[PDB]
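Undergrad: Whatever this is, show me its structure:
(one chain, ligands or ions: 2)
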Amino acid sequence: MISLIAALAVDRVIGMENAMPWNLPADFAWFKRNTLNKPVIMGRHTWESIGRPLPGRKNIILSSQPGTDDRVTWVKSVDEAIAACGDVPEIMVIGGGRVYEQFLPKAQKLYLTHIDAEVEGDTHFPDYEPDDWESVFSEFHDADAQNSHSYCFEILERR
Ligand SMILES: NC(=O)c1ccc[n+]([C@@H]2O[C@H](COP(=O)([O-])OP(=O)(O)OC[C@H]3O[C@@H](n4cnc5c(N)ncnc54)[C@H](OP(=O)(O)O)[C@@H]3O)[C@@H](O)[C@H]2O)c1
Ligand SMILES: Nc1nc(=O)c2c([nH]1)NC[C@H](CCc1ccc(C(=O)N[C@@H](CCC(=O)O)C(=O)O)cc1)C2
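TA: Numbering: from 1, shown residues only. Ligands and ions are numbered 1, 2, ... in the order given. Structure data below:
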């Protein structure tokens with residue numbers, strides 16, 4: 001199955017590394033737990049933002065152009081990206097917006113972190129039919145000495 005994992009600021013705004021200001025080690029732990037030993041698919045801009053492969057995961061990068069880094073696997077279409085994951089229980093799609101838009105209709109699960117942070121940005125997580133999705137887990141945390149903002153983890157499954 002295909003899953004999307006994303007961090008959503010106020011108004012479901014999404015973005016890249018330098019554009020997302022919070023410091024949420026708890027969310028990084030959540031992301032790691034939920035993606036480790038699974039293939040991760042990302043767009044080229046997300047790849048450039050991260051700057052180095054995510055360890056212990058197959059990193060698959062979408063780009064219309066030839067690859068430019070042998071440390072990751074490069075593909076030129078959504079269907080090629082999925083095929084490059086092989087036969088695994090769960091494929092993790094880690095954005096960005098253009099990639100989320102394409103994979104959402106194919107996805108069975110969403111892993112969302114709803115962060116109580118107001119950020120500059122025009123880009124939002126794709127609109128999806130709320131009635132298409134059942135919330136199966138959520139867990140709220142206030143900010144603390146390590147985490148700059150309050151945040152809520154949520155898993156939704158397609159119903
Ligand atoms: N300044 C602003 O107001 C503003 C607003 C919104 C976004 N942005 C910028 O936009 C970028 C983030 O956009 P994003 O989150 O949408 O990026 P993303 O999903 O991480 O990456 C998009 C890239 O992935 C590749 N890709 C996606 N689908 C593909 C497909 N089906 N086949 C082949 N390649 C595919 C393309 O790479 P190739 O280009 O290599 O073909 C595409 O340009 C950042 O650089 C951000 O700064 C800026
Ligand atoms: N839950 C979640 N949080 C986020 O901030 C993001 C998503 N999802 N999805 C898309 C994008 C992912 C950004 C992103 C980039 C690098 C690492 C990373 O380096 N993670 C390491 C652990 C880092 C640490 O332990 O400090 C990892 O091994 O997963 C995590 C997230 C932003």
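Undergrad: Next one: the nearest residue to residue 155 once chain neighbours are set aside from ligand 2, what distance?
TA: Once flanking residues are discounted, residue 155 sits nearest to residue 137: 4.2 Å by CB to CB, 6 or more residues apart in numbering. Placement of C-beta: from N, CA and C, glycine included. Residue 137 is 14 Å from ligand 2, where distance means CB to the nearest ligand atom, to the nearest Å.
Undergrad: Find the helix or strand that residue 137 is a member of.
TA: strand 133-141 (DSSP states H and E).
Undergrad: for residue 26, same thing?
TA: Per DSSP H and E: helix 25-35 holds residue 26.
Undergrad: In contact with the spatially most central residue of the chain, which residues?
TA: With distances taken as CA atoms, centre = their mean, the residue of the chain nearest its centroid is residue 94 (2.8 Å). Taking CB atoms under 8 Å, 6 or more residues apart in numbering, we find residue 94 in contact with 5-6, 35, 40-42, 46.
Undergrad: can you pull out the helices in this structure?
TA: 25-35, 44-50, 78-84, 97-103 (DSSP state H).
Undergrad: how about those in CSV, adding mean neighbour count and distance to ligand 1?
TA: Shown next, in CSV, are the helices of the chain (neighbours: other CB atoms under 10 Å; distance: least, CB to the nearest ligand atom, whole Å):
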stretch, mean neighbour count, distance to ligand 1
helix 25-35, 15, 15
helix 44-50, 18, 3
helix 78-84, 15, 5
helix 97-103, 18, 4
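Undergrad: could I get stretch 3-14 in PDB with only the CA atoms?
TA: Taking Å, rounded to 0.1, in the frame of the first residue of the first chain, the C-alpha atoms of stretch 3-14 are listed here in PDB:
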ATOM      1  CA  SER A   3       1.000   6.100   2.300                       C
ATOM      2  CA  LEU A   4       1.600   9.800   2.500                       C
ATOM      3  CA  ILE A   5       3.500  11.400   5.400                       C
ATOM      4  CA  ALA A   6       3.400  15.100   5.900                       C
ATOM      5  CA  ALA A   7       3.800  18.000   8.400                       C
ATOM      6  CA  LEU A   8       1.000  20.500   8.200                       C
ATOM      7  CA  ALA A   9       1.300  24.000   9.600                       C
ATOM      8  CA  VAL A  10      -1.800  26.200  10.300                       C
ATOM      9  CA  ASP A  11      -4.200  26.100   7.300                       C
ATOM     10  CA  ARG A  12      -2.500  22.900   6.200                       C
ATOM     11  CA  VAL A  13       0.500  24.800   4.700                       C
ATOM     12  CA  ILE A  14       3.400  22.700   3.600                       C
END
